[PDB]
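Visitor: Below you'll find the structure I mean.
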RNA sequence: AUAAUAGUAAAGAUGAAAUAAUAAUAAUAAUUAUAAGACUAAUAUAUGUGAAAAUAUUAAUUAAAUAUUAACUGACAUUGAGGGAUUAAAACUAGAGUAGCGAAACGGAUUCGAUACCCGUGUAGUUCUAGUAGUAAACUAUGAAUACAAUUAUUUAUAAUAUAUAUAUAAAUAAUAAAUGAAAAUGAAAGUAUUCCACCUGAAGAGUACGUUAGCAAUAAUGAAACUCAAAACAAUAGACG
């Protein structure tokens with residue numbers, strides 16, 4: 078179902094927003110010497 | 085080598101065939117009711133060049149690599165054949181793919197980003213191997229004879 | 005060369021088969037006034053020999069004027089002309 | 086120079102393109118109209134309109150295909166109606 | 002044998018020909034063979050074609066190219082009527098030089199070129215019907246179509262008033278012409294000369 | 001292999017129209033020869049006003065002296081000939097197209113091939129007649 | 066050495082009849098019976114000049130000039146009524162002595178009009194001296210890209 | 040005196056018919072109204096910008112196989128010859 | 001864009017309008033003239049050519065790719081886990097370039113609001129060069145191979161004929177028969193069969209978390225469970241709706 082596939086789109090886009098927020102945490106104190 | 089040529093044109097046959105003309109020209113006039121004058125030398129100079137051009141216009145140094153290859157496959161088939169003619173023997177087929185494998189390769193050693201023809205080289209290599217693998221499953225003696233012969 | 009068979013269709017009718025009828029004859033008359041009024045000004049001293057025409061075009065009917077039979081021809085000669093295979 | 090002043094501007098005696106339609110004086114409409122033909126036969130006009138907004142290459146290819154299809158059905162329809170007319174004329 | 006029967010079939014007696022039934026090309030020789038039907042068959046609506054000919058057709062003469070076709074109809078034009086032109090050639094009574102008839106009157195392995203009169207004539211060239224022919228009336232094109250065959254109009258003196266009398270209806274007007282003669286160019290084309298009696 | 005060079009040379013001699021053209025025809029040739037390769041057929045195509053004003057070396061050549069030379073040399077010499085051409089100020093719009101002879105031992109110039117002919121030996125007996 | 070010698074030749078009436086405005090521009094070629102009274106230039110030089118004789122705008126005119134402003138500068142009235150002025154001006158400036166060519170360009174509503182106006186009545190005294198019509202719409206062979214598709 | 044569109048002028052050579060002498064006929068005809084097309088390598092004419100000048104909308108444009116109607120190969124080689132001629136100075 | 005030139009007051013854009021470095025510094029239009037980039041009309045059907053990406057401005061070189069005979073080879077194959085190779089658009093790292101286009105940005109519109117659609121500038125990028133990366137509705141949403149089955153019409157390849165004809169072959173494309181199918185429809189495959197590989201086993205949670213590998217990075221691959229429902233999905237039908 079295209080609508081169901083579009084929901085993935087909303088979910089991937091939502092996860093992309095989370096990724097952007099997570100990206101701040103990434104490359105930071107957590108992923109360096111820890 | 086110098087003086088090589090295309091489509092089976094060994095220089096000798098040329099020398100002998102070109103020569104046929106000499107015999108013919110003069111003998112055409114021996115009969116009939118016309119006498120001999122300027123034909124004392126038929127412009128050695130002109131005939132000398134005629135042949136010359138023929139040689140430039142049939143010189144591998146001035147033809148196409150494809151043609152040099154057409155010569156090669158033969159050479160190999162004739163060095164790896166089982167009898168006059170055989171062209172299907174695994175070693176003949178292997179030897180033939182070998183000549184190309186090189187050409188193809190030097191080609192790729194220039195067109196490094198040409199990938200399609202890279203797939204080719206490979207397929208062939210993978211293929212020669214396949215036939216070479218058959219000969220080691222058949223006339224094993226021949227296999228080793230052949231491989232060490234072709235250089236592997 | 006020429007050759008273009010079609011695929012089966014509900015029916016091969018024709019859209020608005022254009023029979024052709026002249027444009028409101030009046031529309032042409034009124035138009036020429038504005039085709040001779042743009043120049044020479046309103047009621048052109050020449051347009052006298054023009055409005056004479058757009059007069060009765062209105063009068064009783066301000067709009068002097070306020075088909076085809078191919079669809080059946082099509083409906084009847086398609087199940088015959090279409091080169092459908094048998095069945 | 087002189088050698089070519091005689092040259093009757095050989096050049097311009099057949100030098101330009103088809104984007105021209107000498108006017109037979111007298112009739113002007115026809116001449117101007119003669120261009121309407123050439124213009125509407127070299128598609129020049131329409132192309133200008135297209136060469137205004139370039140759609141994605143795949144999108145324009147799809148459009149072109151659709152146009153071609155539309156063309157081919159129209160002449161298939163024409164063929165069919167000509168046959169229908171012939172049948173009508175004969176008696177079928 | 003089935004084939005033997007077909008090998009003599011009238012359908013096959015008629016050769017095949019897919020020449021267009023409109024042939025806008027200049028016409029000199031006929032393109033197809035007209036199929037004659039007895040009035041009886043016409044009422045019976047029978048013509049011997051793959052499919053019966055529509056009652057709309059009221060002629061007894063038609064020409065066919067396709068017994069039947071994909072369109073599920075027979076491709077025929079009921080306007081086959083050469084029967085008139087050739088007969089009018091007989092109505093005109095004039096022979097064709099036919100170049101030189103060595104031995105055989107038409108002379109000539196295959197006589198594809200210079201076929202001959204082309205079945206337009208099978209009579210002894212000279213006869214006394221010539222008695223100055225029979226001034227056959229023809230439709231002046233400007244050339245004059247006599248019995249369906251155009252013949253260049255010739256006269257002792259050019260008569261403009263004659264052309265003016267018919268005005269633009271020169272072809273509509275028919276004038277008797279003492280046909281000078283006709284000829285069949287190897288392309289099977291008849292060229293003739295008229296005698297405008299004006 | 002057999003190549004062809006329908007090059008369009010410029011002209012400046014109000015007088016001689018085939019001055020440079022011939023002078024270049026010598027140049028190219030001299031080199032097609034000193035390098036294993038046979039010149040074959042040259043077919044002066046004379047002069048034909050260029051369809052457009054072809055600006056060469058800021059000279060805006062509205063016309064050029066077309067000419068054709070049918071030659072034969074290695075790729076390099078053939079490639080090299082291109083270099084010579086563009087880089088010859090005289091030539092205006094050059095071009096070397098191939099004429100594979102795989103089937104016909106001797107190929108004529110493109111032109112005669114559209115004239116109905118096909119080979120020089122043919123095109124020679126085509127004139128041989130005389131003696 | 067001579068000094069300017071100008072004898073205008075033909076008269077060119079040009080226009081860019083686009084969608085949002087229509088323009089008409091009357092120009093006059095220019096020439097001299099002297100370019101060749103100089104032996105310094107080669108034969109070719111002269112024709113170059115001739116092939117492309119200079120030119121001078123004589124009556125720049127745009128719909129807006131005749132009065133219309135904004136959107137309207139794109140309609141028909143505009144052109145029909147922004148042509149006459151153009152022609153009327155070709156008259157007053159006394160420019161109808163030698164031939165004139167037309168070059169309708171582009172296809173805004175105005176083109177038709179300027180073509181009606183030329184043929185009908187306001188074109189009258191001018192049409193007569195027009196030689197060959199023509200056109201110079203500029204279409205591109207790929208070239209540069211054009212605006213995305215306004216999702217109007 | 041009369042207009043053209045109303046008077047067939049069959050040449051004498053042909054066979055005029057009673058209908059043939061009619062307006063219907065005139066309309067009918069209208070409705071139903081090349082060494083390259085013969086079979087000569089159209090590419091060989093890679094130069095001769097004269098021959099190629101033919102199948103050209105006279106606007107530097109080749110024609111869709113609705114007009115040219117040349118063989119796919121003939122038309123494509125003719126198109127290639129035109130494109131090659133563009134490269135070969137002349138045309 | 002940039003001067004040259006002559007010409008005058010608007011230009012340009014839009015539904016209609018605003019603005020911007022538009023134009024009284026003389027603009028736009030015109031006509032010449034320099035420079036800089038990207039792109040490649042018709043033809044042109046993506047027919048086709050490529051493994052798939054992809055791919056129609058021209059030529060040169062190199063290389064692959066055809067049919068049919070003929071000689072040979074002598075089952076040497078079918079295709080394939082894993083692996084390797086290639087891999088669109090965007091993105092990235094170097095170096096050059098940068099016309100136009102156009103994320104971002106900023107401004108003008110519209111609107112109740114408009115961080116949109118519309119419009120003006122227009123930067124990352126779009127180009128090349130060397131890479132890197134390895135994902136797309138990378139879709140014919142259809143893995144590869146072989147044997148087979150009823151017709152027609154067009155391409156068209158190609159042999160043949162007594163080339164220009166009507167014939168025999170193939171190949172593709174379009175309509176179908178049968179058959180299959182939830183139907184839509186598939187049609188020499190989605191049919192009849194055989195072989196091999198990949199993959200699926202309710203919906204949510206989830207291609208998420210975590211671990212691990214790879215990457216300059218964005219990320220890519222690998223890929224769970226708890227918790228909660230008797231739901232959830234597709235083709236055909238009526239009907240209401242635009």
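Residue numbers (the deposited numbering), protein chains in the order written: chain AA, 78 to 111; chain u, 85 to 236; chain Z, 5 to 70, 75 to 95; chain z, 86 to 177; chain g, 2 to 109, 195 to 215, 221 to 233, 244 to 299; chain l, 1 to 131; chain q, 66 to 217; chain x, 40 to 72, 81 to 138.
Just so you know, even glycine gets a beta-carbon here, dropped at the ideal spot from N, CA and C.
1) Spell out the partners DSSP gives residue 26 of chain Z in its beta bridges.
2) Leaving out five residues before and five after residue 20 of chain Z in sequence, what residues of the same chain have Cβ atoms less than 8 Å from its Cβ?
3) How big is the Cα-Cα spacing for residue 106 of chain z and residue 37 of chain l?
4) Quick one: is residue 108 of chain z near chain Z, going by C-beta distance under 8 Å?
5) How about residue 27 of chain g and residue 50 of chain x: do their beta carbons lie closer than 8 Å?
6) Contact check, residue 275 of chain g vs residue 230 of chain g under 8 Å by CB: the rounded distance?
7) Counting only beta-carbon separations shorter than 8 Å, does residue 279 of chain g have a partner in chain z?
8) Of all the options q:160, q:200 and q:175, which has the alpha carbon lying nearest to the alpha carbon of residue 91 of chain q?
9) Determine, using beta carbons only, whether residue 145 of chain u comes closer than 8 Å to chain l.
10) Just mark residue 49 of chain Z as buried or exposed, buried being the case when its beta carbon has 16 or more other beta carbons within 10 Å.
11) Just checking my contact of residue 93 of chain x with residue 119 of chain x at CB under 8 Å: how many whole Å lie between their CB atoms?
12) By how many angstroms is the C-alpha of residue 160 of chain z removed from the C-alpha of residue 16 of chain Z?
13) Could you pull out every residue in the same chain whose Cβ sits closer than 6 Å to the Cβ of residue 102 of chain u, ignoring the five residues on either side in sequence?
14) Which residues of the segment 80 to 98 of chain l have a Cβ closer than 8 Å to any Cβ of chain x? Give them in chain order.
15) When burial is assigned at 16 or more other CB atoms within 10 Å of the CB, is residue 131 of chain x buried or exposed?
16) I need the straight-line Cα distance from residue 250 of chain g to residue 177 of chain z, nearest angstrom please.
17) What's the C-alpha gap between residue 121 of chain z and residue 98 of chain l?
18) For chain g, check one thing: does any of its Cβ atoms lie closer than 8 Å to the Cβ of residue 86 of chain x?
19) Going by beta-carbon coordinates alone, are residue 123 of chain q and residue 93 of chain q separated by less than 8 Å?
20) Please identify the residue among q:73, q:126, q:115 and q:212 whose C-alpha is closest to the C-alpha of residue 79 of chain q.
21) Give the interface partners of residue 68 of chain g over in chain Z, defined as CB-CB distance under 7 Å, in chain order.
22) From residue 188 of chain q to residue 196 of chain q, what distance separates their C-alpha atoms?
23) Below 7 Å between beta carbons is the criterion; list the residues of the segment 100 to 134 of chain x that meet it against any residue of chain z, in chain order.
24) What did DSSP end up calling residue 185 of chain q once you bin it into helix, strand or coil?
25) Starting from residue 91 of chain q, trace the alpha helix (DSSP H) in both directions and tell me its first and last residue.
26) If the criterion is Cβ atoms closer than 8 Å, does the pair residue 133 of chain q and residue 143 of chain q meet it?
27) Of all the residues that make up the segment 43 to 55 of chain l, which are near chain q by a beta-carbon distance shorter than 8 Å?
28) In whole angstroms, what is the alpha-carbon distance linking residue 64 of chain x and residue 7 of chain g?
29) State the beta-bridge partners of residue 278 of chain g as determined by DSSP.
30) CA-CA distance, residue 13 of chain Z and residue 205 of chain u?
31) Please check if any C-beta of chain q sits within less than 8 Å of the C-beta of residue 99 of chain z.
32) Do you know whose CA, among x:41, x:46 and x:82, lies nearest residue 121 of chain x's CA?
33) Nearest-angstrom Cα distance between residue 110 of chain AA and residue 90 of chain AA?
34) Compare the C-alpha of residue 157 of chain l against each of l:12, l:11, l:76 and l:131 and name the closest.
35) Do you know how far the Cα of residue 149 of chain z is from the Cα of residue 143 of chain z?
36) What residues match up with residue 93 of chain l in a beta bridge as DSSP calls it?
Guide: Short version:
1) Answer is none; residue 26 of chain Z lacks a bridge partner.
2) none
3) 51 Å
4) no
5) yes
6) 5 Å
7) no
8) q:160
9) yes
10) exposed
11) Their Cβ separation, rounded to whole angstroms, is 19 Å, which puts residue 93 of chain x and residue 119 of chain x out of contact at 8 Å.
12) 13 Å
13) 135
14) 92, 93, 94, 95 and 97
15) buried
16) 34 Å
17) 43 Å
18) no
19) yes
20) q:126
21) Within 7 Å Cβ-Cβ: nothing; residue 68 of chain g doesn't reach chain Z, min ~16 Å.
22) 14 Å
23) 104, 105, 106 and 108
24) coil
25) Counting along the chain, residue 91 of chain q falls outside any alpha helix (DSSP H), though it belongs to the beta strand (DSSP E) covering 88 to 94.
26) yes
27) 53
28) 38 Å
29) g:227 and g:297
30) 52 Å
31) no
32) x:82
33) 31 Å
34) This structure gives no information on residue 157 of chain l, because the portion of chain l shown stretches from 1 to 131.
35) 10 Å
36) l:8
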